[PDB]
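Have a look at input_10.txt; it's compact mmCIF, N, CA and C atoms:
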```txt
# COMPACT_ATOMS: atom_id res chain seq x y z
N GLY X 1 16.35 -7.32 -2.59
CA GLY X 1 15.80 -8.68 -2.62
C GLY X 1 14.28 -8.62 -2.63
N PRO X 2 13.60 -9.44 -3.45
CA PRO X 2 12.15 -9.47 -3.53
C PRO X 2 11.56 -10.06 -2.24
N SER X 3 11.28 -9.19 -1.28
CA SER X 3 10.73 -9.45 0.04
C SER X 3 9.52 -10.39 -0.03
N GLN X 4 8.38 -9.87 -0.48
CA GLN X 4 7.13 -10.58 -0.63
C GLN X 4 6.33 -9.81 -1.68
N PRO X 5 6.72 -9.88 -2.97
CA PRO X 5 6.03 -9.16 -4.02
C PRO X 5 4.72 -9.85 -4.42
N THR X 6 3.75 -9.91 -3.51
CA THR X 6 2.44 -10.51 -3.78
C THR X 6 1.79 -9.65 -4.87
N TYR X 7 0.81 -10.17 -5.60
CA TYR X 7 0.17 -9.41 -6.67
C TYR X 7 -1.27 -9.87 -6.87
N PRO X 8 -2.13 -9.00 -7.43
CA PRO X 8 -3.52 -9.33 -7.71
C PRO X 8 -3.59 -10.30 -8.90
N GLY X 9 -4.78 -10.79 -9.25
CA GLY X 9 -4.94 -11.73 -10.36
C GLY X 9 -6.20 -11.61 -11.19
N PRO O 11 -9.15 -14.16 -2.88
CA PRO O 11 -8.98 -13.74 -1.50
C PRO O 11 -9.11 -12.22 -1.39
N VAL O 12 -10.09 -11.75 -0.61
CA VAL O 12 -10.36 -10.33 -0.39
C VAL O 12 -9.14 -9.67 0.26
N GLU O 13 -8.42 -10.41 1.11
CA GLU O 13 -7.23 -9.97 1.83
C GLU O 13 -6.16 -9.44 0.86
N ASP O 14 -5.98 -10.10 -0.28
CA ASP O 14 -5.00 -9.71 -1.29
C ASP O 14 -5.40 -8.41 -1.98
N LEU O 15 -6.70 -8.26 -2.26
CA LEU O 15 -7.30 -7.10 -2.90
C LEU O 15 -7.12 -5.89 -1.99
N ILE O 16 -7.45 -6.05 -0.71
CA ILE O 16 -7.34 -5.02 0.30
C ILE O 16 -5.87 -4.63 0.44
N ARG O 17 -4.93 -5.59 0.53
CA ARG O 17 -3.51 -5.26 0.65
C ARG O 17 -3.03 -4.41 -0.52
N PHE O 18 -3.43 -4.77 -1.74
CA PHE O 18 -3.03 -4.02 -2.92
C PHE O 18 -3.64 -2.61 -2.90
N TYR O 19 -4.81 -2.42 -2.29
CA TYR O 19 -5.44 -1.10 -2.22
C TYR O 19 -4.75 -0.27 -1.14
N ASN O 20 -4.55 -0.87 0.02
CA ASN O 20 -3.92 -0.29 1.20
C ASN O 20 -2.55 0.30 0.88
N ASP O 21 -1.82 -0.25 -0.10
CA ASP O 21 -0.51 0.26 -0.49
C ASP O 21 -0.57 1.68 -1.02
N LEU O 22 -1.62 1.97 -1.80
CA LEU O 22 -1.87 3.28 -2.41
C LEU O 22 -2.15 4.31 -1.31
N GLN O 23 -2.76 3.87 -0.21
CA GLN O 23 -3.08 4.72 0.92
C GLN O 23 -1.84 4.92 1.79
N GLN O 24 -1.06 3.86 2.02
CA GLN O 24 0.14 3.91 2.83
C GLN O 24 1.14 4.91 2.27
N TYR O 25 1.30 4.94 0.94
CA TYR O 25 2.22 5.88 0.29
C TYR O 25 1.79 7.32 0.59
N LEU O 26 0.51 7.58 0.87
CA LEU O 26 0.00 8.91 1.19
C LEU O 26 -0.08 9.14 2.70
N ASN O 27 0.09 8.09 3.49
CA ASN O 27 0.03 8.12 4.95
C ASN O 27 1.37 8.05 5.64
N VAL O 28 2.44 7.81 4.89
CA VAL O 28 3.79 7.74 5.41
C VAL O 28 4.66 8.82 4.79
N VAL O 29 4.19 9.44 3.71
CA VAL O 29 4.96 10.48 3.03
C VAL O 29 4.33 11.83 3.30
N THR O 30 3.06 11.98 2.93
CA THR O 30 2.40 13.26 3.13
C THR O 30 2.18 13.53 4.62
N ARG O 31 2.09 12.50 5.47
CA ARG O 31 1.91 12.72 6.91
C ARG O 31 3.17 13.33 7.56
N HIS O 32 4.30 13.36 6.85
CA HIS O 32 5.56 13.92 7.32
C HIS O 32 6.02 15.09 6.43
N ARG O 33 5.29 15.43 5.36
CA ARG O 33 5.66 16.52 4.44
C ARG O 33 4.56 17.58 4.28
N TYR O 34 3.31 17.22 4.56
CA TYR O 34 2.15 18.09 4.48
C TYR O 34 1.88 18.71 5.86
```

Written as structure tokens, how would this file's structure read?
Amino acid sequence: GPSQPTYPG
Amino acid sequence: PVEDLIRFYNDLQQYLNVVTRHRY
């Protein structure tokens, strides 16, 4: 499950 | 947000601090 796939921008 | 930048950088370090710290 996608836990917290935060990403840059 | 600097926090997001730091988190994304910290991941690269964690992979070397949780793996090599138990294999090196």

For this session: Select all residues from chain O having any atom no more than 7 Å from an atom of chain X (counting all atoms listed in the file, ignoring ligands), output as a list in words.
Result: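 Within 7 Å of chain X on chain O, we get residues 14, 15 and 18 of chain O.
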
For this session: Can you work out the spacing between atom C of residue 16 of chain O and atom C of residue 28 of chain O in Å, to one decimal?
Result: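 Atom-to-atom, atom C of residue 16 of chain O and atom C of residue 28 of chain O are spaced 17.6 Å apart.
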
For this session: Give the alpha helix (DSSP H) residues of chain O, as DSSP finds them on the backbone, and put them as a PyMOL selection string.
Result: chain O and resi 12-27+30-33

Exercise on segment 4-9 of chain X, axis-aligned box with 3 Å per side, report centre and edge lengths in Å to one decimal, as lines of an AutoDock Vina configuration file:
```
center_x = 1.1
center_y = -10.4
center_z = -5.8
size_x = 20.6
size_y = 8.7
size_z = 16.7
```
